[PDB]
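Q: Sequence plus experimental coordinates follow:
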Amino acid sequence: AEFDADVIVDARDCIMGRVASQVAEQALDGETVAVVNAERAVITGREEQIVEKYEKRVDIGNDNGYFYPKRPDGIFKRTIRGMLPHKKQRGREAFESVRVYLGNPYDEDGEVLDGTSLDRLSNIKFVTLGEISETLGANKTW
Amino acid sequence: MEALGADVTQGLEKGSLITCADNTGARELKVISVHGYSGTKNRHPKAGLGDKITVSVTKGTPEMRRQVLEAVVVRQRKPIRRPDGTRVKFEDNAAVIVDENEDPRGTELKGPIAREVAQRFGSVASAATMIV
Amino acid sequence: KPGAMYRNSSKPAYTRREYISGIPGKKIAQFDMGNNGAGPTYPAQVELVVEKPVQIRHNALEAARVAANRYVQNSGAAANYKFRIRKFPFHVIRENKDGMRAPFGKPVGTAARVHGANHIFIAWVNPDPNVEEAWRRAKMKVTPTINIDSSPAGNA
Amino acid sequence: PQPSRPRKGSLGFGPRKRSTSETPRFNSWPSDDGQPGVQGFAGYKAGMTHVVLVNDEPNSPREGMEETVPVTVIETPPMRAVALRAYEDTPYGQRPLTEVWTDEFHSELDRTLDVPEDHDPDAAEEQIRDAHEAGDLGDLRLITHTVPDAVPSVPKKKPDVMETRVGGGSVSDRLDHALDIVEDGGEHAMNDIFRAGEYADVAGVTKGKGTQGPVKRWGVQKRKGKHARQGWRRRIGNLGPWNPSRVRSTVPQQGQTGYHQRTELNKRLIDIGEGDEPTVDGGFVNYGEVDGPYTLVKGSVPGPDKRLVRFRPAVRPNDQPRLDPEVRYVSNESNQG
Amino acid sequence: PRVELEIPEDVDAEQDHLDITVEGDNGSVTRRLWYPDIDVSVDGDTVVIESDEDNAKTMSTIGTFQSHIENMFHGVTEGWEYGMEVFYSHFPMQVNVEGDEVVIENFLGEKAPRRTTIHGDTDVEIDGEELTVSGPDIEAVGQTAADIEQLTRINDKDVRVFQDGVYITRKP
RNA sequence: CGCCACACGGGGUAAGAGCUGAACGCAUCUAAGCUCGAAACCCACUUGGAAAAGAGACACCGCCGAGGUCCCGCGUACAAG
RNA sequence: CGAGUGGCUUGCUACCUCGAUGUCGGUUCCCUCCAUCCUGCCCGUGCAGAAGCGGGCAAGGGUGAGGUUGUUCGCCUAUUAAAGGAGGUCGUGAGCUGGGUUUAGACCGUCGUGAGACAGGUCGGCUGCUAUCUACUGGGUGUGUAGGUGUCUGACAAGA
RNA sequence: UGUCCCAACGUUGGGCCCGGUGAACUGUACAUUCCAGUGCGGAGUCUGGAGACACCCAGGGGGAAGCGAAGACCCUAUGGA
RNA sequence: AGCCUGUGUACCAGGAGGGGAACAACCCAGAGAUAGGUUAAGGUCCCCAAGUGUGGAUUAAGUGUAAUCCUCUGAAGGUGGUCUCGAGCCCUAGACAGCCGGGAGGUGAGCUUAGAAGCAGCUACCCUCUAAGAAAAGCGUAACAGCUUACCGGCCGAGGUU
Ligand SMILES: [Cl-]
Ligand SMILES: [Cl-]
Ligand SMILES: [Cl-]
Ligand SMILES: [Cl-]
Ligand SMILES: [Cl-]
Ligand SMILES: [Cl-]
Ligand SMILES: [Cl-]
Ligand SMILES: [K+]
Ligand SMILES: [Mg+2]
Ligand SMILES: [Mg+2]
Ligand SMILES: [Mg+2]
Ligand SMILES: [Mg+2]
Ligand SMILES: [Mg+2]
Ligand SMILES: [Mg+2]
Ligand SMILES: [Mg+2]
Ligand SMILES: [Mg+2]
Ligand SMILES: [Mg+2]
Ligand SMILES: [Mg+2]
Ligand SMILES: [Mg+2]
Ligand SMILES: [Mg+2]
Ligand SMILES: [Mg+2]
Ligand SMILES: [Mg+2]
Ligand SMILES: [Mg+2]
Ligand SMILES: [Mg+2]
Ligand SMILES: [Mg+2]
Ligand SMILES: [Mg+2]
Ligand SMILES: [Mg+2]
Ligand SMILES: [Mg+2]
Ligand SMILES: [Mg+2]
Ligand SMILES: [Mg+2]
Ligand SMILES: [Mg+2]
Ligand SMILES: [Mg+2]
Ligand SMILES: [Mg+2]
Ligand SMILES: [Mg+2]
Ligand code: NA
Ligand code: NA
Ligand code: NA
Ligand code: NA
Ligand code: NA
Ligand code: NA
Ligand code: NA
Ligand code: NA
Ligand code: NA
Ligand code: NA
Ligand code: NA
Ligand code: NA
Ligand code: NA
Ligand code: NA
Ligand code: NA
Ligand code: NA
Ligand code: NA
Ligand code: NA
Ligand code: NA
Ligand code: NA
Ligand code: NA
Ligand code: NA
């Protein structure tokens, strides 16, 4: 609820990792960022394998635990954490001043970062974060 | 198998020595197995009323002794619950030697028999003197 | 025993029979097959060319040679062709069959050393290459990957 | 060779800790099929006695004959839906929107809540209806509560509150239905929801037994043979293998046993009556005498005498309902002796 | 590459984005034609399948799009039909169409009826021991036929002995 | 040792059975697309779960007073708590 | 004949420990692997059916009770859908047991001049410790979220 | 015949809370760990990740190659008896 | 064999610092203090200093993002997955494929054999009509029939085949 994002990024039809990479780089420069339409972000690859990885991540674990998100919500955020030294003071700060949302709760339309967009016309081997989540068993709350 | 029309508490185990309620020449029986039964680690295979068991002849005529025959549990000392909530228990544990087709190897059945046994083994039943 | 035990050319040359005894006999039956009465007067001459220096146990040779010749009976027991295995198992081989104490092994067999690109087998045939098939079955029983090469034959 | 054997106890009811609310909280509700209606009701366990019935089962070779059934008696006096709570769908699941309360409150509902003195029923009702219009209205449920005072055998007067979902035809039709119920005084009865012969899922916090050993807590064996005389009798062989070098949570250990919530599926409602017909001579042991609205549930029911139990129309029944079973006899013989 | 398909006078074909719809006296069929760098467009009188690449995988699809479209043309006009013949040896097999799904009863003495749901606007008209599956959508139809035949599939016993079942008699 | 209760059904797949279909006019279950299909996978169901640091939501009561601790009689609870 | 995978068997090596990392078997209790014995779905058949045989996916669940032997293994019996195998310090002695191995007593056989020996057999022959840390099972007290009561949500977690 | 199937309940002394009395073993340091990897090839401390708010009570002992004993086995000593 | 035993040499031992995730001996590098600068190995999407650098091509397997190595496996054998380069032959006198039509007669050749008629076996394999058409390449029949290959013509239209 209410997040003064100096920058709002739209992930729709954007390569998750390429977005995450830049979103990290900015948050570490002190920028408050909000990622919008997570459920519509995409990651290239053969769907079947891609789901095997993510599914393997949900299954990993023991008493100590290995909490892995199922919602395209977390998925994106965990993807971004992996690009920040989240256990240092600086990093945790940069990670906390960032937020990912399902769809868009703002009025403004997010911008599209350069080099993160995927042309659906010249591309068929890719997957939607949402699609991934539905397989993992999440609750399509979007 | 067909529903016995009752709830049974297996009063017998493998190794158990019961009475041979018939005139086959077999006096005593030794329970060796229980048809269709699979227990659990450490659990002694249990057999009760209306169960078709495999047996070995402990006491009787020389030619009947040591033979591995099949049979049916006709009576037990441990109580059995009938549809109306009553309990029924007998004076001993006895069974009757039977064949491949489940027909009594003998001619006559000595002593009483639980009605329930009828609903599973006709010929055995239709061979009974007293059916409680 | 496995080929992995003697397929490499990493030991010195061990061939002097004047200093070796107890050499098992070669399992290889013949080196000249087909019409050995006639000479290489054939139109077509294909060759089985090995692609990596290796050692080939007389075991492998016999099995590789039979499999091809035995198969070259798509042409008849007295067919018109001449088959040739130009290598002989000279290199003697041992095995240490005490642990590593006094481990110089005891002669257990012989193997022929083939360098990569040499032709181990040569067949002569008129435009009737069933031979090309006799060799897909031969390099099937030798360690190395092989090249089936045709020399005099532009009747493609 | 080491024979195989299934692990001891289930890992589906854990952790095995004391329950948060002595009052049960369903985490699943029936499907919205028939007409609008409250999907639940409660009461207080009293005890057990048997009843003779007419084989009702059509596929039974005994259908039509006598048959003794064990029944747990449950005092199910009326309850009161004091409010209608609305939930809105959101990117993060369902969230409570607002509530519609009443003014008529049971004399002693303030022993638990801070009863409303100023509430705007219509604004609430409006807010909801504007949500529905926008189509962000999530399911609808009623804040209800019991009247322990109606039950003499139960010492408490402080009411037990619990939210219960209302399933009905259209959302609009059941929204209204809800409001109607609340507005009155919220007063409803077991008859208004269940009918004898139907199946219901009975929730409730089991009987507590404090800390217990693995043998009883998980059903692991006792030490056998000579092993039982050596200084170990009811302790398990080992807490695990050398590696991994840690004790895995799946290994049976001592702990809090009992007083856990349990939702017991497909219980048949043998009869819903009123009076003292089911009561036993001398009085139900450690409970008292029954004489008012009650229910007769087949079999057993989690929890100890006096505990609040919760009913719900079975969510996954196996049989078809065979309404109003003929009861030829109910035993009133003393539960003492 | 670029292929041009002249649409039949009997037909109208429109297309927005990756979806193509063809309408004729026999009906309308829409299809998604999506493949890397392959543009499909309705140029007034002709449908054009074009791409800037020529590697085998592309040409492969191009050809697939072509036939796909032509099959649409054919469907909205002449249509598609598959002929089928119910056949039994001992148990009279009863095939009826009930709702949007054909039902087969008493198959091999079976008490439990066997059924399958028809696909799309496919008509399964049954007359005696003959069936006729028809529709403007070849995909739907072809599958409806196939399913029907599959519905009497048998694995448990010898097929050469147990031949009961409905089979495709005539392929469009 | 007694008694009661413990699904089905959806969704996506493996092997596999097929549809449409090209590269390769034909053919082809696959390359693009699609129909089906395992006790296995997801959901369903039970149980735990605001310490989920994005540390939640709602209603009412209260901020000089709402509610709570101690106190007293007891347990549907309990090794202390 | 040729190419491999595994790390259950056996051997090789002598890297790790001789100011000690308690032995074999069993037992108890927990997790796993698939190269699948049963159970589900399939393909082939020298597939009529029934019963099989071979093969593919699949590790969710199951895989039990006994007679001789310290045995692992294995032999044997009767049941069984089937009575699969393997890893976890040949899992598991700050858990058990102590039959075997492997002390001191003693016998027999073989060897030895002898003391005495045995990769032979045999009878007898001991199982320590109050848990600091960590781990987990359950149970509390605080602090953070920032006045109270009641009712929930559900990120995720467990299940056979 | 409770050795077992298969465990139950009960009795007494402890155990748990309170008053009083009041040790010892052990301790290079640090220490909330888990999954992998690496390393003299058997890591709470290295490396990568995961998890982890602090304190306390009881428990049964998985790990600290836990504590206890300069290894009794084996070899070596121009050792001893 | 992270085995045993030589040899030459450089290193560790006794060698810091930079890189390699960590890691005696692999890469740079041999190092008094402090200071500024420029590089070496290695690296430039983020974690993380520096390119989401340029021209061009391949790969769809997450292959791969792994110099060396106990450490990074992957082999013989297979692939109309795809890209590139070459050679021979055929083709608008119409190729390659598909579809249509034709596939005739002497004659069901002789011989054997009850029988055999393209097709059990043996021998031969001749000429007519024609734009084609075997004394028949594969099925099929008890033997016939029937179904097709070879061979010819048509439709079609561009490259095709090895
Ligand atoms: Cl976990
Ligand atoms: Cl970090
Ligand atoms: Cl693509
Ligand atoms: Cl048995
Ligand atoms: Cl034990
Ligand atoms: Cl120097
Ligand atoms: Cl990946
Ligand atoms: K040692
Ligand atoms: Mg046992
Ligand atoms: Mg003891
Ligand atoms: Mg009583
Ligand atoms: Mg009584
Ligand atoms: Mg069969
Ligand atoms: Mg130890
Ligand atoms: Mg497998
Ligand atoms: Mg498992
Ligand atoms: Mg035993
Ligand atoms: Mg061990
Ligand atoms: Mg074990
Ligand atoms: Mg010990
Ligand atoms: Mg231990
Ligand atoms: Mg101890
Ligand atoms: Mg002993
Ligand atoms: Mg002994
Ligand atoms: Mg002894
Ligand atoms: Mg703080
Ligand atoms: Mg770390
Ligand atoms: Mg020493
Ligand atoms: Mg000694
Ligand atoms: Mg001396
Ligand atoms: Mg030194
Ligand atoms: Mg930077
Ligand atoms: Mg890889
Ligand atoms: Mg390499
Ligand atoms: Na990707
Ligand atoms: Na996980
Ligand atoms: Na020696
Ligand atoms: Na080879
Ligand atoms: Na003891
Ligand atoms: Na004792
Ligand atoms: Na140990
Ligand atoms: Na399914
Ligand atoms: Na909170
Ligand atoms: Na290997
Ligand atoms: Na080994
Ligand atoms: Na030591
Ligand atoms: Na042991
Ligand atoms: Na399994
Ligand atoms: Na045994
Ligand atoms: Na032991
Ligand atoms: Na011990
Ligand atoms: Na006792
Ligand atoms: Na421990
Ligand atoms: Na040096
Ligand atoms: Na380094
Ligand atoms: Na990868």
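A: Right, received. Where do you want to start? Numbering: from 1, shown residues only, chains lettered A, B, ... in the order given. Ligands and ions are numbered 1, 2, ... in the order given.
Q: and the closest residue to residue E:162 other than its chain neighbours, how far is that from residue E:110?
A: Here the nearest residue to residue E:162 in space, its sequence neighbours aside, is residue E:154; by Cβ to Cβ, 6 or more residues apart in numbering or on different chains that works out to 5.8 Å. Heads up, the C-betas are built off the backbone N, CA and C, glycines and all. To residue E:110, residue E:154 is 11 Å away according to Cβ to Cβ, to the nearest Å.
Q: repeat for residue D:17
A: With the distance defined as Cβ to Cβ, residue D:17 ends up 53 Å from residue E:110.
Q: Ok, residue D:188 next?
A: Spatial separation of residue D:188 from residue E:110 under the definition Cβ to Cβ is 49 Å.
Q: Tell me which of these two has more neighbours.
A: residue D:188 (19 against 12; other Cβ atoms under 10 Å in any protein chain shown).
Q: List the beta-bridge partners for that one.
A: Per DSSP bridges, residues listed as beta-bridge partners of residue D:188: residue D:79.
Q: helix, strand or coil for the one residue in chain E that gets nearest to RNA strand H?
A: Closest contact between chain E and RNA strand H, by Cβ to the nearest atom of the strand, is at residue E:36 (34.4 Å). When the structure is split into helix, strand and coil by DSSP: H, G, I helix; E, B strand; the rest coil, residue E:36 lands in coil.
Q: Nearest spatial neighbour of it, chain-adjacent residues omitted?
A: Leaving out its chain neighbours, the residue that sits closest to residue E:36 by Cβ to Cβ, 6+ apart is residue A:122, at 4.9 Å.
Q: Strands along chain B, start to end?
A: Remark: strands of chain B, listed N- to C-terminal, are B:12-13, B:17-20, B:26-34, B:46-47, B:52-60, B:68-75, B:80-81, B:87-88, B:94-98, B:112-113, B:130-131; assignment by DSSP state E.
Q: which parts of chain C sit against ligand 35?
A: When proximity is defined as Cβ under 5 Å from the ion, chain C does not approach ligand 35 at any residue.
Q: Do I have it right that residue D:30 meets residue D:313?
A: Yes. With contact taken as Cβ atoms under 8 Å, residue D:30 and residue D:313 are classed as touching, separated by 4.6 Å.
Q: And those two? Which one has more around it.
A: Each of residue D:30 and residue D:313 has its neighbours counted (other Cβ under 10 Å); residue D:313 has more, 24 against 20.
Q: and the more buried one, what is it in contact with?
A: Residues touching residue D:313, when contacts are defined by Cβ atoms under 8 Å, 6 or more residues apart in numbering or on different chains, comprise D:30, D:39, D:193-194, D:198-201.
Q: Counting neighbours, which of those comes out on top?
A: The residue in the contacts of residue D:313 with the most neighbours, by other Cβ under 10 Å, is residue D:200 (26 neighbours).
Q: ok, that one - contacts?
A: Contact criterion Cβ under 8 Å, 6+ apart gives D:194, D:267-269, D:297, D:311-314 as the residues in contact with residue D:200.
Q: one more time with 10 Å
A: With contacts defined as Cβ atoms under 10 Å, 6 or more residues apart in numbering or on different chains, the neighbours of residue D:200 are D:30, D:40-41, D:190, D:193-194, D:264-269, D:295, D:297, D:310-315, D:317.
Q: Give me the nearest residue to the residue of chain B found nearest chain E, chain neighbours excluded.
A: Of all residues in chain B, residue B:2 sits closest to chain E, with a separation of 21.8 Å (Cβ to the nearest Cβ). Once flanking residues are discounted, residue B:2 sits nearest to residue B:120: 5.4 Å by Cβ to Cβ, 6+ apart.
Q: Just the CA coordinates for stretch A:85-92, please, in CSV.
A: What follows is stretch A:85-92, C-alpha atoms only, in CSV (Å, rounded to 0.1, in the frame of the first residue of the first chain):
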residue,chain,number,x,y,z
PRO,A,85,24.2,-8.7,-1.4
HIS,A,86,21.0,-9.0,0.7
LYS,A,87,22.8,-10.0,3.9
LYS,A,88,24.9,-6.8,4.0
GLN,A,89,23.5,-3.6,5.3
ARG,A,90,23.7,-1.8,2.0
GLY,A,91,22.1,-4.6,0.1
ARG,A,92,19.2,-5.3,2.4
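Q: buried set for it?
A: By neighbour count on 16 or more other Cβ atoms under 10 Å in any protein chain shown, the buried set for stretch A:85-92 is residue A:91.
Q: Now the terminal residues of stretch A:88-107, how far apart.
A: Here the two ends of stretch A:88-107 are set 34 Å apart, with distance taken as Cα to Cα, to the nearest Å.
Q: That one close to RNA strand G?
A: No. Using Cβ under 7 Å from any atom of the strand as the criterion, no contacts between stretch A:88-107 and RNA strand G are found, and the smallest distance is 10.8 Å.
Q: any bit of that stretch sitting next to RNA strand F?
A: Yes. Using Cβ under 7 Å from any atom of the strand, stretch A:88-107 comes into contact with RNA strand F via A:96, A:98-101.
Q: Tell me which of the strands of chain B lies nearest to ligand 36.
A: Taking Cβ to the ion, strand B:46-47 is the member of those nearest to ligand 36, at 43.5 Å.
Q: Just checking: what are the partner strands of the closest one?
A: Using DSSP bridges, the strands paired with strand B:46-47 in its sheet are strand B:12-13 (antiparallel).
Q: quick one: the strand it pairs with to chain centroid distance?
A: Strand B:12-13 sits 11 Å away from the centroid of its parent chain (Cα atoms, centre = their mean, to the nearest Å).
Q: That one near ligand 4 anywhere?
A: No. Applying Cβ under 5 Å from the ion, one finds strand B:12-13 out of contact with ligand 4, separated by at least 9.7 Å.
Q: what residues does chain A put near ligand 35?
A: Counting by Cβ under 5 Å from the ion, chain A sits next to ligand 35 at A:43-45.
Q: What is the nearest of these to ligand 36?
A: Of all the residues of chain A next to ligand 35, the one sitting nearest ligand 36 is residue A:43; the distance, using Cβ to the ion, is 18.9 Å.
Q: hang on, that closest one packs against residue A:132?
A: Yes. Under the criterion of Cβ atoms under 10 Å, residue A:43 makes contact with residue A:132 at 7.8 Å.
Q: which residues touch the residue positioned nearest the centre of chain B?
A: When chain B is reduced to its mean C-alpha position, the closest residue under Cα atoms, centre = their mean turns out to be residue B:73, at 1.1 Å. If a contact means Cβ under 10 Å, 6+ apart, then residue B:73 has B:8, B:10-12, B:18, B:21, B:29, B:31, B:34, B:47-53, B:93-96, B:114, B:117 as its contacts.
Q: higher neighbour count, residue A:43 and residue A:132?
A: Applying other Cβ under 10 Å to residue A:43 and residue A:132 shows that residue A:132 carries more neighbours, namely 25 against 21.
Q: helix/strand/coil for that one?
A: Following three-state DSSP, residue A:132 is assigned to helix.
Q: counting contacts, what elements does the helix or strand where residue A:73 lies pack onto?
A: Element membership of residue A:73 [criterion: DSSP states H and E] is helix A:72-81. For helix A:72-81, the packing partners by 3 or more Cβ pairs under 10 Å, 6 or more residues apart in numbering or on different chains; DSSP states H and E come out as helix A:16-27, strand A:33-36, helix A:47-59, helix A:89-96, strand A:98-100, helix A:129-136.
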